[PDB]
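Just one chain is shown here, as structure tokens, and it is the form solved without its partner chain.
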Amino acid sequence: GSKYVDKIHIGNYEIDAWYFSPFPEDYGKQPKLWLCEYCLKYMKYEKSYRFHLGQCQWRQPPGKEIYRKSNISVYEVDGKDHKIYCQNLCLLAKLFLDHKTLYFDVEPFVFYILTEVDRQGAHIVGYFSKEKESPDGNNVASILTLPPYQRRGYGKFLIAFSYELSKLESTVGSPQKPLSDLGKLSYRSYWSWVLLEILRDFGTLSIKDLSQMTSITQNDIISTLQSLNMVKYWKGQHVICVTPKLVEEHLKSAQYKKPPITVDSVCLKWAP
């Protein structure tokens, strides 16, 4: 019986762990792990953390700042160019994801770090990772908002951002399964809101059209429309069955209302 990491201190926050994460044994044995909020170095003792805070020069994530809108910034970090950082980030994320798979061999991934910026620097709020090439068309590998930031719109921002990447690449995608319970709700909310706003405005459109407009897969569009009861089935084909008033009725609900923070595509500066 060797103790696991059960508590971290990061920035001004203390956060209890939700799941096993494979930090080295000597690190799990300690009462609390201490993480630099910028370089994500993990440390055993308050004294080595205090020393690091006074020495570390990083005040943002590494990689490229590919989105900036007011005090929200997203940083793109290649797992091959910044392997230790990405390894730390994965260890941190495994404390709050049950089924996240890889931690150490991060070269196949790009990581998108969501930050909230103030005078002291750019503070990590959440992330998603993404396979550089995905056979099964997963535009998200793992995705996480850190607990003290959850249920405030940051998770839907991440989801939206991942689809804006997909729209840029002219592809559709879907997050890797399994999702967390919070993950399923956040995706169902985002999918529903995106589709309802399109159907509210819009010439008529097919399932394949909505897929082309949103980068949401047809299967994810279909299952969203079924849960909203806005699709008919006619001899093996799903057909959109939109009553223009029930669309409005759905948009006044809390589960499918607009997310408070939205990705302004103009502020996204990206390319292959």
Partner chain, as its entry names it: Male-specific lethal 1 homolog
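Numbering follows the first chain given and starts at 1.
Form deposited with its partner chain bound: not shown, discussed below.
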Within 4.5 Å of its partner chain in the deposited bound form, heavy atom basis, the matching stretch of 241-249, 208-216, 64-72, 25-33 is 25-33
Would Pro147 count as a contact of its partner chain in the deposited bound form, using a 4.5 angstroms cut-off between non-hydrogen atoms? yes
Even though its partner chain is not shown here, does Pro259 get within 4.5 Å of it in the deposited bound form, heavy atoms only? no
Taking 4.5 angstroms as the cut-off for heavy atoms, does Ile124 touch its partner chain in the deposited bound form? no
Heavy atom to heavy atom, is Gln87 within 4.5 Å of its partner chain in the deposited bound form? yes
